[PDB]
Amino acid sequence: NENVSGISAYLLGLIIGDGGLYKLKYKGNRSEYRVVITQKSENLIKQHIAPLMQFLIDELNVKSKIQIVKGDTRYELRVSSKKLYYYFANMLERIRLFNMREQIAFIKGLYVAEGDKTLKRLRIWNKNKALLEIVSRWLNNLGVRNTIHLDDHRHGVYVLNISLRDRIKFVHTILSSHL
């Protein structure tokens, strides 16, 4: 709807990237379901990310608050919502069936989260190789050549390197898409 689907895919890229989906068990039988995006800067969160999450929450009739919690090392945007937790967890599941619009939005969010930011090089870091392999195939379909290697042998972190030969296509189509 597809204001919503595009924004959803983008937020998921931020959540998977910078972020998390948590199902918590307490005593008892208490529980909590969290959608989380963390980020160093309060401004990026408050003026860019939160209004996107708020739009989605309103559109989904989710009754939960957007919480912004200050940590010692970063800010946390958090929505405590069973319904939103499952919306994103099922979407993730999910992810191979994304259309072109959701593909581009997801990759954009994932790059904002896990991205080389100078743009001198175009690189995405993640330990989830299968996720990078999905993104690699999508990028190939969009004709951005790319390679995946184990970058950090210490922590098992993969890099997806976007070929600078296809830099203009990647930055124009994905990273500065008006979609």
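Each form is matched to the other, and the largest set of C-alpha atoms that superpose within 1.5 Å is called the rigid core. Start at 1 and count along the sequence shown; that's the residue number.
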Exercise. Do the Cα atoms of 24 to 32 or those of 60 to 68 sit farther, on average, from the shown form in 6 other deposited structures of this protein after fitting on the core?
Worked result: 24 to 32
Exercise. In 6 other deposited structures of this protein, superposed by the rigid core, which stretch departs further from the shown form in CA positions, 133 to 141 or 146 to 154?
Worked result: 146 to 154
Problem set entry | Segment of higher mean CA temperature factor, 88 to 96 or 67 to 75 | 67 to 75
For this session: Using only the Cα atoms and their B-factors as the entry lists them, report which of 97 to 105 and 77 to 85 averages higher.
Result: 97 to 105
Exercise. Which one, 132, 44, 37, 122, has the peak C-alpha temperature factor per the PDB entry?
Worked result: 44
Problem set entry | Selection from 111, 26, 138, 33 [criterion: highest C-alpha temperature factor in the record] | 26
Problem set entry | residue 48 - Cα temperature factor, lowest/middle/highest third of chain | highest
Problem set entry | Assigned third (lowest, middle, highest) for the C-alpha B factor of residue 61 | highest
Seminar exercise, completed: residue 147: CA temperature factor from the record, placed by chain third, in the middle
For this session: Could you look up the Cα B-factor of residue 126 in the entry and say which third of the chain it sits in: lowest, middle or highest?
Result: lowest
